[PDB]
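Contents: one structure, followed by commentary.
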Amino acid sequence: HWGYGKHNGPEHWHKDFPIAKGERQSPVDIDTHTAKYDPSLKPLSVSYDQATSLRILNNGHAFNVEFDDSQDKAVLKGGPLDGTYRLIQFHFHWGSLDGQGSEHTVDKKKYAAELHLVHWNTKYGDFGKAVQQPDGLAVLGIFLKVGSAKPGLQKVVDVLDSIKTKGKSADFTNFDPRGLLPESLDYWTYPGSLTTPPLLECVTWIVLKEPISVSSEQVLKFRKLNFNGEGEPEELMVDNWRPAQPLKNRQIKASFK
Ligand SMILES: NS(=O)(=O)c1c(F)c(F)c(SCCc2ccccc2)c(F)c1NCc1ccccc1
Ligand SMILES: [Zn+2]
């Protein structure tokens, strides 16, 4: 029932998911002048050499590239995190137009899209248990702007026609998520939530400062996906982002400068 459309979009979510109006909701506007450099933060450690991608799924809201997380193979640690977070899936949010699409904003600036690499804290044993904990997830957020193509994204763009509609999936092995990272790992971090229902307040957000560039042709292919299932009227999958939510009693910390 929840979605992005005219009648079931983010402004409606609170009726099924009252935590929508909670104290640590995401995304947020990153006010770069008020984020405080925190010299006690660590460099982030992104270890994806052993990543095992399995499958790509259109779930009717976005597409997820799913990983094998039954062993320590693709982990995020360091930075603001204690302990070890496994990679479980990544997905994107994007706009109908290049001027919008990202969920976090930077001094109110919207990017064309935003990548979310989702990881769960191994101390809780699995994803379903982790999301019930305030430190259960670490999401690495990366902005996309339109300019030169991102070679490491092409294998993703090229399988999308095979998962056009809701519920379709395709084998997606041997995908290396290192090809989606920018050069710098400088980041902002704050405590937040999943940006989709159930909107659980279980996420340490780590949002990279440096955006990656993707081509206009790459993002156009994202916008040919469908929210609807096969043999339903076409509703293009665009504008699947939640707008910035109030920061409330939170501090965003910078790893740099
Ligand atoms: N967008 S996000 O990075 O904050 C995110 C996340 F961190 C997750 F762990 C997950 S999986 C957690 C979902 C869940 C469902 C039922 C019960 C418990 C938990 C996300 F789906 C998304 N959302 C993905 C998405 C994007 C666009 C449309 C629909 C879903
Ligand atoms: Zn997301």
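By Swiss-Prot numbering, chain A shows 4-260, in order.
For this deposited structure, the header notes the method as X-ray crystallography, 1.7 Å.
Any Cβ shown, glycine's included, is placed from N, Cα and C.
For the Zn(2+) site that Swiss-Prot gives as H94, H96, the extra residue drawn from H107, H119 is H119. Comparing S151, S165, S219 with the features listed in Swiss-Prot, the residue bearing the annotation phosphoserine is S165. Per Swiss-Prot, the residue from the list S105, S172 bearing the note phosphoserine is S172. Nearest to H64 (active site, proton donor/acceptor) in space, judged by Cα atoms and limited to the recorded positions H96, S165, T198, is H96. The sparsest Cβ neighbourhood within 10 Å, among the listed recorded positions (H64, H94, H96, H119), is found at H64. Neighbours of the Zn(2+) site: apart from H94, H96, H119, residues of the same chain with C-beta atoms within 8 angstroms of the site's C-beta centroid are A65, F93, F95, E106, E117, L118, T198. Using a 10 Å radius centred on the Cβ of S172 (phosphoserine) and all shown protein chains, the other Cβ atoms total 16. Secondary structure at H96 (Zn(2+) binding site), as computed by DSSP, is strand. The secondary structure of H119 (Zn(2+) binding site), as reduced to three states from DSSP, is extended strand.
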